[PDB]
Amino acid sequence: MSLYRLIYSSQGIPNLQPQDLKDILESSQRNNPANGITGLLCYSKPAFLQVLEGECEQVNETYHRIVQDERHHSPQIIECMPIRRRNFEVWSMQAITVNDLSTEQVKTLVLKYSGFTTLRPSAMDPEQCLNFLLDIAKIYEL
């Protein structure tokens, strides 16, 4: 019913290739529009960080389906709450890799909101997660 946001992180499996993230993105871009789901996925080997926005029932359907995926494990819900309005509404889904090859502007962003230059969501509170995702969206948009 109500407009909702869910932020979670997970451990990618050890063997993940760049093609595996193309298969996640394409699936998400195929399923998400029809469900009202918008969002952003960050990968920083081996951690995933994703925000999902949408009707509560749809966000939940999508999350609990994602939890069942064989390409990641130990999902940790970081925040889930009703929202006043969407922030990621221009993307059914988008994917960003944050690594050592990343732009200095991007590295300085990871640091602005966390302890290290490599993204580790398990060490960030919901507001730091949301703000990182907002700012990094802002520099890859659209």
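In case it trips you up, residue 1 is the first one in the sequence shown, and so on.
Among the modelled residues of the chain, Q94 sits in the highest third by CA temperature factor in this PDB entry. The deposited CA B-factor of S27 belongs to the middle third of values across its chain. Ranked against the other modelled residues of its chain, the C-alpha B-factor of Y140 as given in the entry falls in the highest third. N15: CA B factor lies in the highest third for its chain, per the PDB record. Sorting the modelled residues of the chain by their CA temperature factor places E70 in the lowest third.
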